[PDB]
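Data file: entry17.txt. Format and content: compact mmCIF, N, CA and C atoms.
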# COMPACT_ATOMS: atom_id res chain seq x y z
N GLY A 134 -58.23 22.08 82.22
CA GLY A 134 -57.63 22.95 81.22
C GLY A 134 -58.58 24.02 80.70
N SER A 135 -59.61 24.34 81.49
CA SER A 135 -60.59 25.33 81.06
C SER A 135 -60.03 26.76 81.09
N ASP A 136 -58.86 26.95 81.71
CA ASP A 136 -58.23 28.27 81.74
C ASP A 136 -57.56 28.61 80.41
N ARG A 137 -57.30 27.59 79.61
CA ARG A 137 -56.77 27.80 78.27
C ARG A 137 -57.86 27.45 77.27
N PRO A 138 -57.81 28.03 76.06
CA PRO A 138 -58.82 27.63 75.08
C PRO A 138 -58.62 26.19 74.64
N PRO A 139 -59.61 25.60 73.95
CA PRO A 139 -59.40 24.23 73.48
C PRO A 139 -58.16 24.18 72.59
N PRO A 140 -57.35 23.12 72.70
CA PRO A 140 -56.16 22.98 71.86
C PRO A 140 -56.53 23.00 70.38
N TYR A 141 -55.63 23.49 69.54
CA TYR A 141 -55.79 23.41 68.09
C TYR A 141 -55.83 21.95 67.66
N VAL A 142 -56.81 21.59 66.85
CA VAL A 142 -56.86 20.24 66.29
C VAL A 142 -56.17 20.26 64.92
N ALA A 143 -54.95 19.72 64.88
CA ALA A 143 -54.11 19.76 63.68
C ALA A 143 -54.49 18.65 62.71
N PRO A 144 -54.14 18.82 61.42
CA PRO A 144 -54.26 17.68 60.50
C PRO A 144 -53.26 16.59 60.88
N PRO A 145 -53.36 15.39 60.28
CA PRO A 145 -52.36 14.34 60.54
C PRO A 145 -50.93 14.86 60.39
N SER A 146 -50.04 14.43 61.28
CA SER A 146 -48.65 14.85 61.25
C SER A 146 -47.98 14.51 59.92
N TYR A 147 -46.95 15.27 59.56
CA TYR A 147 -46.26 15.00 58.30
C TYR A 147 -45.72 13.57 58.25
N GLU A 148 -45.04 13.13 59.30
CA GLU A 148 -44.50 11.77 59.33
C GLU A 148 -45.62 10.78 59.59
N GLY A 149 -45.77 9.79 58.73
CA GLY A 149 -46.82 8.81 58.92
C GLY A 149 -47.62 8.66 57.64
N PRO A 150 -48.55 7.69 57.61
CA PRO A 150 -49.30 7.48 56.37
C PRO A 150 -50.31 8.58 56.10
N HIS A 151 -50.52 8.83 54.81
CA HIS A 151 -51.48 9.80 54.32
C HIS A 151 -52.31 9.18 53.21
N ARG A 152 -53.62 9.38 53.26
CA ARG A 152 -54.49 8.95 52.18
C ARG A 152 -54.53 10.08 51.15
N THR A 153 -53.59 10.06 50.22
CA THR A 153 -53.46 11.20 49.32
C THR A 153 -54.46 11.07 48.19
N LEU A 154 -54.91 12.21 47.68
CA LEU A 154 -55.69 12.23 46.47
C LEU A 154 -54.71 12.45 45.33
N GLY A 155 -54.65 11.49 44.41
CA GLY A 155 -53.71 11.55 43.30
C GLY A 155 -53.89 12.84 42.52
N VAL A 156 -55.14 13.13 42.21
CA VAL A 156 -55.52 14.42 41.67
C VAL A 156 -56.28 15.17 42.75
N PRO A 157 -55.80 16.36 43.13
CA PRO A 157 -56.48 17.11 44.20
C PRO A 157 -57.83 17.63 43.73
N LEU A 158 -58.75 17.86 44.66
CA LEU A 158 -59.98 18.57 44.32
C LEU A 158 -59.60 19.99 43.95
N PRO A 159 -60.40 20.63 43.09
CA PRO A 159 -60.10 22.02 42.75
C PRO A 159 -60.22 22.92 43.97
N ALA A 160 -59.48 24.02 43.97
CA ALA A 160 -59.55 24.99 45.06
C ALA A 160 -61.00 25.36 45.32
N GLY A 161 -61.38 25.41 46.59
CA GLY A 161 -62.72 25.85 46.99
C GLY A 161 -63.78 24.76 46.97
N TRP A 162 -63.39 23.54 46.64
CA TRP A 162 -64.32 22.43 46.62
C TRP A 162 -64.17 21.61 47.90
N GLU A 163 -65.24 20.96 48.31
CA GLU A 163 -65.23 20.14 49.51
C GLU A 163 -65.99 18.86 49.22
N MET A 164 -65.58 17.76 49.83
CA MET A 164 -66.35 16.53 49.72
C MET A 164 -67.14 16.34 51.01
N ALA A 165 -68.34 15.80 50.91
CA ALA A 165 -69.14 15.52 52.10
C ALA A 165 -69.91 14.23 51.91
N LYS A 166 -70.66 13.86 52.94
CA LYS A 166 -71.49 12.67 52.90
C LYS A 166 -72.91 13.02 53.31
N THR A 167 -73.88 12.36 52.69
CA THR A 167 -75.27 12.46 53.13
C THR A 167 -75.46 11.69 54.42
N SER A 168 -76.69 11.69 54.94
CA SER A 168 -76.97 11.02 56.20
C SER A 168 -76.82 9.50 56.08
N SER A 169 -76.97 8.97 54.87
CA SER A 169 -76.75 7.54 54.64
C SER A 169 -75.33 7.27 54.14
N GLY A 170 -74.47 8.28 54.20
CA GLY A 170 -73.07 8.12 53.84
C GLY A 170 -72.77 8.19 52.35
N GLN A 171 -73.71 8.70 51.55
CA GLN A 171 -73.45 8.92 50.12
C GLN A 171 -72.51 10.11 49.92
N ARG A 172 -71.46 9.92 49.13
CA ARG A 172 -70.51 10.99 48.88
C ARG A 172 -71.07 12.02 47.90
N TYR A 173 -70.87 13.30 48.21
CA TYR A 173 -71.18 14.35 47.25
C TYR A 173 -70.22 15.51 47.45
N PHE A 174 -70.34 16.51 46.59
CA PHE A 174 -69.35 17.58 46.54
C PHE A 174 -69.97 18.95 46.67
N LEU A 175 -69.24 19.84 47.35
CA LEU A 175 -69.64 21.23 47.51
C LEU A 175 -68.68 22.11 46.74
N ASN A 176 -69.22 22.97 45.90
CA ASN A 176 -68.41 24.01 45.28
C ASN A 176 -68.70 25.32 45.99
N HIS A 177 -67.79 25.72 46.88
CA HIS A 177 -67.96 26.97 47.61
C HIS A 177 -67.75 28.18 46.71
N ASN A 178 -67.11 27.97 45.56
CA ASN A 178 -66.87 29.07 44.63
C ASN A 178 -68.17 29.60 44.04
N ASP A 179 -69.05 28.70 43.60
CA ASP A 179 -70.32 29.18 43.05
C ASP A 179 -71.52 28.69 43.86
N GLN A 180 -71.26 28.17 45.06
CA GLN A 180 -72.30 27.82 46.02
C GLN A 180 -73.32 26.81 45.49
N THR A 181 -72.80 25.70 44.96
CA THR A 181 -73.63 24.60 44.47
C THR A 181 -73.21 23.27 45.12
N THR A 182 -74.04 22.24 44.96
CA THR A 182 -73.66 20.89 45.37
C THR A 182 -73.97 19.93 44.23
N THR A 183 -73.22 18.84 44.15
CA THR A 183 -73.34 17.90 43.04
C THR A 183 -72.83 16.51 43.42
N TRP A 184 -73.39 15.48 42.78
CA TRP A 184 -72.91 14.12 42.94
C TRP A 184 -71.60 13.90 42.19
N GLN A 185 -71.38 14.69 41.14
CA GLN A 185 -70.28 14.45 40.21
C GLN A 185 -68.93 14.98 40.71
N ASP A 186 -67.95 14.09 40.77
CA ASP A 186 -66.57 14.44 41.08
C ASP A 186 -66.05 15.52 40.12
N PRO A 187 -65.70 16.70 40.65
CA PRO A 187 -65.21 17.82 39.83
C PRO A 187 -63.97 17.44 39.04
N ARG A 188 -63.26 16.41 39.50
CA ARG A 188 -62.13 15.88 38.76
C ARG A 188 -62.66 14.98 37.65
N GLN A 207 -74.07 22.37 39.22
CA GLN A 207 -74.30 23.21 38.04
C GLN A 207 -73.01 23.91 37.58
N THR A 208 -71.87 23.49 38.13
CA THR A 208 -70.57 23.93 37.65
C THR A 208 -70.10 23.09 36.47
N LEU A 209 -69.78 23.75 35.36
CA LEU A 209 -69.16 23.07 34.22
C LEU A 209 -67.66 22.92 34.48
N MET A 210 -67.19 21.68 34.57
CA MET A 210 -65.78 21.40 34.86
C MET A 210 -65.08 20.57 33.79
N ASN A 211 -64.93 21.10 32.58
CA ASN A 211 -64.47 20.29 31.46
C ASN A 211 -63.02 19.99 31.72
N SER A 212 -62.29 21.06 32.05
CA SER A 212 -60.86 21.11 31.94
C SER A 212 -60.06 21.07 33.24
N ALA A 213 -58.77 20.78 33.10
CA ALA A 213 -57.86 20.68 34.25
C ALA A 213 -57.92 21.95 35.08
N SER A 214 -57.89 21.79 36.40
CA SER A 214 -58.00 22.95 37.29
C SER A 214 -56.61 23.28 37.84
N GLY A 215 -56.53 24.35 38.60
CA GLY A 215 -55.26 24.79 39.17
C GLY A 215 -54.65 23.72 40.04
N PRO A 216 -53.40 23.33 39.74
CA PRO A 216 -52.71 22.32 40.55
C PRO A 216 -52.20 22.90 41.86
N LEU A 217 -51.80 22.02 42.77
CA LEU A 217 -51.10 22.49 43.96
C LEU A 217 -49.73 22.97 43.52
N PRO A 218 -49.10 23.83 44.34
CA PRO A 218 -47.70 24.18 44.04
C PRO A 218 -46.79 22.96 44.12
N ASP A 219 -45.66 22.99 43.42
CA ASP A 219 -44.68 21.91 43.47
C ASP A 219 -44.35 21.56 44.90
N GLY A 220 -44.29 20.26 45.18
CA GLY A 220 -43.89 19.79 46.49
C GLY A 220 -45.07 19.62 47.43
N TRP A 221 -46.29 19.88 46.96
CA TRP A 221 -47.47 19.74 47.82
C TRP A 221 -48.39 18.62 47.35
N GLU A 222 -49.10 18.02 48.30
CA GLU A 222 -50.14 17.04 48.00
C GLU A 222 -51.39 17.30 48.82
N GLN A 223 -52.54 16.91 48.29
CA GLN A 223 -53.80 16.93 49.04
C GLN A 223 -54.10 15.54 49.58
N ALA A 224 -54.60 15.47 50.81
CA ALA A 224 -54.98 14.19 51.38
C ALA A 224 -56.28 14.32 52.15
N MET A 225 -56.79 13.19 52.62
CA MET A 225 -58.05 13.15 53.33
C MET A 225 -57.90 12.35 54.61
N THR A 226 -58.39 12.88 55.73
CA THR A 226 -58.36 12.11 56.97
C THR A 226 -59.36 10.96 56.86
N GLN A 227 -59.31 10.06 57.84
CA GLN A 227 -60.25 8.96 57.96
C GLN A 227 -61.68 9.46 58.04
N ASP A 228 -61.86 10.65 58.62
CA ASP A 228 -63.19 11.23 58.77
C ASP A 228 -63.60 12.04 57.55
N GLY A 229 -62.76 12.04 56.52
CA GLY A 229 -63.13 12.69 55.27
C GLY A 229 -62.74 14.16 55.16
N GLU A 230 -61.95 14.65 56.11
CA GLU A 230 -61.51 16.04 56.08
C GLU A 230 -60.28 16.23 55.20
N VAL A 231 -60.35 17.18 54.27
CA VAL A 231 -59.23 17.42 53.37
C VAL A 231 -58.13 18.27 54.02
N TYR A 232 -56.86 17.91 53.77
CA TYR A 232 -55.75 18.72 54.26
C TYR A 232 -54.60 18.70 53.26
N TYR A 233 -53.55 19.45 53.56
CA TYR A 233 -52.48 19.72 52.60
C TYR A 233 -51.13 19.37 53.19
N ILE A 234 -50.33 18.67 52.40
CA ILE A 234 -49.01 18.19 52.80
C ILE A 234 -47.96 18.98 52.02
N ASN A 235 -47.04 19.62 52.73
CA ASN A 235 -45.94 20.35 52.12
C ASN A 235 -44.64 19.56 52.31
N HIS A 236 -44.20 18.86 51.27
CA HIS A 236 -42.97 18.07 51.39
C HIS A 236 -41.70 18.91 51.48
N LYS A 237 -41.77 20.17 51.05
CA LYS A 237 -40.60 21.05 51.09
C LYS A 237 -40.16 21.34 52.52
N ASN A 238 -41.11 21.57 53.41
CA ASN A 238 -40.74 21.85 54.79
C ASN A 238 -41.30 20.83 55.77
N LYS A 239 -41.80 19.71 55.24
CA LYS A 239 -42.28 18.60 56.05
C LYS A 239 -43.37 19.05 57.03
N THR A 240 -44.41 19.69 56.50
CA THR A 240 -45.52 20.14 57.33
C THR A 240 -46.84 19.72 56.72
N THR A 241 -47.90 19.81 57.52
CA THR A 241 -49.26 19.65 57.03
C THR A 241 -50.11 20.81 57.52
N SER A 242 -51.19 21.10 56.81
CA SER A 242 -52.01 22.27 57.11
C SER A 242 -53.43 22.01 56.67
N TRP A 243 -54.41 22.60 57.37
CA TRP A 243 -55.77 22.61 56.86
C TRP A 243 -55.94 23.62 55.74
N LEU A 244 -55.00 24.55 55.61
CA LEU A 244 -55.15 25.61 54.60
C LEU A 244 -54.62 25.22 53.21
N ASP A 245 -55.46 25.39 52.20
CA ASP A 245 -55.11 25.25 50.79
C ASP A 245 -54.13 26.35 50.38
N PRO A 246 -52.94 25.97 49.89
CA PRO A 246 -51.94 27.00 49.56
C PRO A 246 -52.14 27.64 48.16
N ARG A 247 -53.11 27.16 47.40
CA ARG A 247 -53.24 27.59 46.00
C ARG A 247 -53.65 29.06 45.87
Encoded form (structure tokens):
Amino acid sequence: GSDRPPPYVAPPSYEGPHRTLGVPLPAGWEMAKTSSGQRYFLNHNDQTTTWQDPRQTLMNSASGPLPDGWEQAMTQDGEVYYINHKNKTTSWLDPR
């Protein structure tokens, strides 16, 4: 299949189980792991990293929610994706 580019690697299909985050991470944030598997967070908005769950950035207050009908979830490998229940789709792109 070298004549075609590598296939798109999609998020988990809409139908099936999802490890949803009850409260989504704020837009522009990412979760990662250290080499020993310690969880930490990246704020791409102000280009910082921190141990503290956003749910040097001051995060007192509630952040922008997903639009109605959407949820944030995480793959087994820790990759965040977005579930749109309105049209039964999933996407790597944050709709906020």
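Protein and nucleic acid residues near (-57.7, 16.6, 42.3) are residues 153, 154, 155, 156, 157, 158, 159, 160, 162, 186, 187, 188, 213, 214, 215, 216, 217, 222, 223 and 224 of chain A, the criterion being any atom at most 10 Å away using only C-alpha atoms.
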Length of the atom N of residue 144 of chain A to atom CA of residue 175 of chain A vector [Å]: 21.0 Å
Between atom C of residue 225 of chain A and atom N of residue 147 of chain A, distance in Å (one decimal): 12.4 Å
Report, in Å with one decimal, the straight-line distance from atom C of residue 221 of chain A to atom N of residue 167 of chain A. 26.8 Å
Point out the residue among A:172, A:228, A:243, A:237 with the least atom-to-atom distance to residue 184 of chain A, counting all atoms listed in the file. A:172
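When only N, CA and C atoms are used to measure the gap to residue 233 of chain A, the shortest distance among A:140, A:150, A:145, A:134 belongs to A:145.
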Around (-70.3, 23.0, 43.6), as given in the file, which residues come within 8 Å? Count only N, CA and C atoms and list them as an NGL selection string. :A and (161-163 or 174-183 or 207-208)
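Closest to residue 226 of chain A among A:241, A:185, A:211, A:168 is A:241, based on only C-alpha atoms.
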Mind the document's chain letters and residue numbers, and return as a ChimeraX atom specification the residues of chain A that DSSP labels strand (DSSP E). /A:153-154,162-166,172-176,181-183,221-225,231-235,240-242
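Proximity ranking of A:165, A:138, A:151, A:212 relative to residue 229 of chain A places A:165 first, based on all atoms listed in the file.
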